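As structure tokens, one chain now follows by itself in the form deposited in one PDB entry.
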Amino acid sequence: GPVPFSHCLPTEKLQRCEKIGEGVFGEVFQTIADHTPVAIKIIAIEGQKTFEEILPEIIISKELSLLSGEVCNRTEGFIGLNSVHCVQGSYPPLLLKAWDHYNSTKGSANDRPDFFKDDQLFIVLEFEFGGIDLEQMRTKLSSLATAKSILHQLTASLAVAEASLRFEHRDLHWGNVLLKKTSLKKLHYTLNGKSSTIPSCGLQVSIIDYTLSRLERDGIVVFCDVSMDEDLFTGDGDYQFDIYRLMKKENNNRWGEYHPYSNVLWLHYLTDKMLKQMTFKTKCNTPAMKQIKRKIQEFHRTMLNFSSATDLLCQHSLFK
């Protein structure tokens, strides 16, 4: 059967819940469990999305989480999934209070979740805490060396997911790139059996929000069908909203197919943001840093001629 909210969110864990984010159908809370930070996503089911509409996110979250402990195709560059629960009950008042605090400070585009009755079902996905998004870190990164590390981590992570699962993220905006301190000097990945390293520059990247993502295992495709969605393809003001139109154009509005080019489009959007909307604490006023800047500029202007993240990682001069 379903379980009460208290099964997932015992008193002390619930007391420490703060809202950190949201989606069109979701609320994300940060908390502590057994002295360990976690990120909780809570999605209402039936009644808003159906179970069938939520399952893809569950499967994808699961498959990408598994890549951290595989061998031939291995990456930590997406986020650990600790557990999945189907919960029944009205929204916990302590969660409402945390919800309100976020509405008062940042503003929510969601409905205050106070209208749910005690037979309401929810899917509660509990993840490792991945850190703070790249947008919030717009002014806080240290140098363009860091920016290069970040792009290399993203590119590799997508490459491995391409090789393993024929993955497309399909919404990798700078809000979905998390950063977290690591004392590791070098990060490791393995692509089709070949291991390599990336200088961390003190950070570990984690990719999130598989809400539009696509993959497959054994000829079964798991995805979000947005072919009858109109609103997604009629935004602007940011280069983000062009990617949605480019994907739709590249794939002829058939979202089951595999088009890893879409990973390249999103990495280009992120390289653009690195070059145009970030301010680094150290400026590129040394020969070595100017050089790094030039190579990122050269990546920006050439990467769109690569067919996938795999192609970029193996072949692009930025990573050699």
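Don't overthink the numbering: it's just position in the shown sequence, from 1.
What follows is about the form deposited with a partner chain bound, which we do not show.
Comparing 199 to 207, 80 to 88, 120 to 128, 103 to 111 against the partner chain in the deposited bound form, the single stretch with non-hydrogen atoms within 4.5 angstroms of it is 103 to 111.
Put simply, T190 is far from the partner chain in the deposited bound form: not one heavy atom of it is within 4.5 Å. Using a 4.5 Å cutoff between non-hydrogen atoms, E216 does not count as a contact of the partner chain in the deposited bound form. Using a 4.5 Å cutoff between non-hydrogen atoms, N73 does not count as a contact of the partner chain in the deposited bound form. Among residues of the shown chain, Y244 is one whose heavy atoms approach the partner chain to within 4.5 Å in the deposited bound form.
Judged against the partner chain in the deposited bound form with a 4.5 angstroms heavy atom cut-off, the residues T146, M278 and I296 are out of contact without exception. Contact with the partner chain in the deposited bound form, defined as a heavy atom within 4.5 Å, holds for exactly one of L184, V221, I132, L232, namely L232. This chain is displayed alone, yet in the deposited bound form one of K248, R166, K180, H173 has a heavy atom within 4.5 Å of the partner chain; that residue is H173.
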